[PDB]
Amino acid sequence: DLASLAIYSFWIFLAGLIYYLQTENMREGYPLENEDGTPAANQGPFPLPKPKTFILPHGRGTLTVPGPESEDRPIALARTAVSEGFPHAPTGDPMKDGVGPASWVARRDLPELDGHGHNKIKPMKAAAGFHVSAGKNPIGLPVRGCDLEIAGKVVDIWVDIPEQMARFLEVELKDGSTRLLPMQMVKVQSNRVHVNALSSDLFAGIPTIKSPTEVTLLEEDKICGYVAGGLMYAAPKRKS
């Protein structure tokens, strides 16, 4: 009857919806590769979708996906085995080389803009009208590493202007040079900012930004990558 026609129709609808959904989710990372970068023989039953093009907002151009995929960078890794499916060892220092938990991607070397075309993320000193409104103010606080040594001190908060939100703390090293630490990787305490991911001696190694009043999407990725990677790689120097 009408009911079992509906339910039968629905199951066919749902299969085509699953198909559409899965192919939609193949616009990045595909086609699949062998560990050496050549196209894998078995792609699975789903085809790559017809490409689509995003018109990016601020004269920044076009993105078409799926498109030609490449890491626009060297990968310092080597096979540990003669067959597929095993770990690939770092050939140098994985923090510096940017592999493993320390990975970054070659994102565009421009900063993210807001809807009005202005830098999304600014230092708060250069940010008109922005102040700490609640919680402990971190600015001026010393910064500790996972080895319980002081690495530096906070000299500003970089804020997301549209989201009105702290994204980085800017930290001054014994150099007098500064680095960015991501907010999501620091514990703002009563008397200090604590950083579990990194030990004091790795703060110098944090990638630096090339202008001091903006971060680029490429630089955000190299910084967040570096400091996350310390959870694994700075675990010798971690005490508590």
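So that there is no doubt, residue numbering starts at 1 and follows the sequence shown. We call the rigid core whatever largest set of C-alpha positions still superposes within 1.5 Å between the two forms.
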- Message: Between 68-76 and 127-135, which has its CA atoms farther from the current form in 9 other deposited structures of this protein, using a rigid core superposition?
- Response: 68-76
- Task: Kindly name the stretch, out of 59-67 and 41-49, whose CA atoms are displaced more from this form in 9 other deposited structures of this protein after the core superposition?
- Result: 41-49
- The stretch carrying the higher mean Cα B factor in the deposited entry, 181-189 or 22-30, is 181-189
- Message: When the Cα temperature factors in the entry are averaged, is it 99-107 or 122-130 that ends up higher?
- Response: 122-130
- Task: Could you tell me which third, lowest, middle or highest, the C-alpha B-factor of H88 occupies within its chain?
- Result: lowest
- Query: Mind checking which third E112 falls in for C-alpha B-factor across the chain?
  - Reply: lowest
- Message: How does the C-alpha B factor of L48 compare with the rest of the chain: lowest, middle or highest third?
- Response: middle
- Would you mind checking where the Cα B-factor of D201 ranks among the modelled residues of its chain, as the lowest, middle or highest third? middle
- Item | Chain-relative CA temperature factor third for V215 | lowest
